[PDB]
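Only one chain is included here, represented as structure tokens and corresponding to the form deposited in one PDB entry.
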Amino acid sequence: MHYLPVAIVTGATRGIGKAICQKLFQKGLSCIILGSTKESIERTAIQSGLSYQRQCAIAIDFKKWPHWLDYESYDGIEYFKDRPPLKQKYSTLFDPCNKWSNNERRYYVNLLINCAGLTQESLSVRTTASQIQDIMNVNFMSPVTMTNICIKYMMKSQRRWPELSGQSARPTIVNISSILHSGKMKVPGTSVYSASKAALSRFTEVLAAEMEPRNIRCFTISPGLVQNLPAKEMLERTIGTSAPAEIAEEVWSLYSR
């Protein structure tokens, strides 16, 4: 049997998540990309790799947490180099792996990147309750559920295909935190954004302590540049930067090395 690693990358329709995905594909993994709508994943779907490499996109709105855990199917699209996009309906996040696998080949998820992110540009007292709900559902609650759904999958896959150990990278989770999550960079306009980033970082550090003995690696990356503007320009000017290409490379570093 040939086991072929797949990565799930949330927030991959554009920005940092798009860089990360390009790297991973360049480096030999198949990709399952997440976007928020049918429209945004149709947009990404319009890159030459090994013949067995595959790419698809799934539409999940992270604001709709926790209801999206219970959707029977998800709208998805498989896309290609030199062949038009294919409408799909996937029963789970791992359904694309099932459909790619054949008598000779087993596709399986071995890497999850939580990169989907919603921003904030308003003072705490001027930020509504639903805005705070959206930010936490996209930046924290959903990433937690993604992480947990994947860890269940990763552990069960490890028990059922024991040969994977020593012939694979260890199942890896990488959550994208922000420089704003701690220290000097306390930027007005971003109180709940930063907190959600603080939550994701801290969740991952504690998860890593739970997971490391079970041989799932859990990392966080903490980047910070391209907002503004979110009072705030005074600190953002007073005080470094990050490239999406640089972050994609660090993600690969963490997985491969």
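The term rigid core refers to the most C-alpha atoms you can superpose between the two forms while keeping them within 1.5 Å. A residue's number is simply how far along the shown sequence it sits, counting from 1.
This next part talks about the form deposited in another entry, which is not shown.
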Which of these moves by 2 angstroms or more at the C-alpha between this form and the one not shown, core superposed: 27, 64, 202, 38?
38
Relative to the superposed rigid core, does residue 9 relocate between this form and the one not shown - that is, does its Cα move 2 Å or more?
no
How does the C-alpha distance between residue 13 and residue 199 change in that other deposited form compared with the present structure, closer or farther, given a change of 3 angstroms or more?
closer
Between residue 13 and residue 139, do the C-alpha atoms lie closer or farther in that other deposited form than in the shown form, with a difference of 3 angstroms or more?
closer
